[PDB]
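In structure tokens, the next block holds one chain alone, the form deposited without this ligand.
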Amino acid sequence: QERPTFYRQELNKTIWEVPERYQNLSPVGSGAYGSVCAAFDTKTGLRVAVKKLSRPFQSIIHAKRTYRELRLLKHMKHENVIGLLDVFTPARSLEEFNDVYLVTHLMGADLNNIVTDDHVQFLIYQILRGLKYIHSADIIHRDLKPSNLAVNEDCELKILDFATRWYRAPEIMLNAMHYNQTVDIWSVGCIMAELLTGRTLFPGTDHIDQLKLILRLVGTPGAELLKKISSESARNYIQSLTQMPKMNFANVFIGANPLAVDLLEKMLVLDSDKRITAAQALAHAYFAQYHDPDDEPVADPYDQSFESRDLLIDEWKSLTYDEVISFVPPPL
């Protein structure tokens, strides 16, 4: 399996050493984690995003995050989830391996590019279709929000990026000892509401304002419920506040589709063992025009045993190098 021909260039004081297939690299972004160039991929005809990781192996914590990110991106093979087009390194061996470049579809426009009930059915459907997939591999997104959702001109949607707290599940904000995949359904619920109404559902000015906004809608959780969704400290905090009744949704969402309101009632609940799952949500009558049980696929199993392991920098690096070397590009 021959090494492509590489060429070097310096753009905005960054070195990019890339296979010749990637042309007309144009700087598009920078950040603590890497720099990004938009490029033309001459092999596939696609416009791509090439990300050059920034100091991928500088600490243990960095080397592990690099590995995690590559393992995740390599796993995702779904229409509604960002996948990995390519990963490469100019290194010819593990000994010279210092730099990692990740290539994905070039996205540009996120959910907030909204410049209509049927569009919201389609958009929310796609998010849930991707989450069904992600959750089936026992992966939790944990911070889903409009900025992490790319949408093209045909309203076709992808989940990215596995910092606002407006969409975060209460059991995360309250630091519960345990939580499940349905934290992501809370977030979808907040996203759906905003698409239906055109306003942020819980626009808290800070953490405590956010909590109080939430309680005002859903009502104060009873003893057994609060205990399971909160840290010991947060449990005592909530116990100190005045109790709130549950509001009737659709006094809140006046004029939204009644099925939409019904689905929201099932997503925006504090009890994460009662909160509707991605799979169950896809079969809700709100998505009757979109739902197809034989076109909502699930994921291969994803091995996260590395997450419990404390390894040295060189071990994280070597595992990462193994995954670069073993990568097999998607059909295209």
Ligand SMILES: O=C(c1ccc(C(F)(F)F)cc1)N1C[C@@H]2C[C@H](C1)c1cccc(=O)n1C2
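In case it trips you up, residue 1 is the first one in the sequence shown, and so on.
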For the neighbouring pair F162 and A163, the stretch of deposited sequence with no coordinates amounts to 10 or more
Higher avg CA temperature factor (253 to 261 vs 179 to 187, as deposited) belongs to 253 to 261
Comparing 266 to 274 with 26 to 34, the higher average Cα temperature factor in the PDB entry belongs to 26 to 34
From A234, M107, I127, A169, the top C-alpha temperature factor is at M107
In terms of its chain's C-alpha B-factors, the third that includes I134 is the lowest
Of the three thirds of Cα B-factor ranks in this chain, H75 occupies the lowest
Here the Cα B-factor of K13, set against its chain, lands in the third termed highest
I114: C-alpha B-factor third of its chain, per the entry, is the highest
Temperature factor at the Cα of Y286, chain-ranked in thirds, falls in the middle
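What comes next is about the form deposited with this ligand bound, which is not displayed.
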Superimposing the pocket C-alphas so that this ligand sits as it does in the bound PDB entry, and applying the rule of 3 or more atoms within 2.4 angstroms of backbone or C-beta atoms, the verdict is blocked
So in the bound PDB entry, is this ligand close enough to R55 to count as touching (4.5 Å, heavy atoms)?
no
Close approach of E194 to this ligand in the bound PDB entry, 4.5 Å, heavy atom
no
- Report yes if any heavy atom of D262 sits within 4.5 Å of a heavy atom of this ligand in the bound PDB entry; otherwise report no. no
Close approach of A256 to this ligand in the bound PDB entry, 4.5 Å, heavy atom:
no
Counting only non-hydrogen atoms, the one stretch of 248 to 256, 196 to 204, 89 to 97, 139 to 147 within 4.5 angstroms of this ligand in the bound PDB entry is 139 to 147
Assess the spot marked by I185, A279 and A281: is this ligand within 4.5 Å of a heavy atom from every one of these residues in the bound PDB entry? no
Near this ligand in the bound PDB entry, with a heavy atom at 4.5 Å or closer, the residues from 57 to 80 are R65, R68, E69, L72, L73, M76
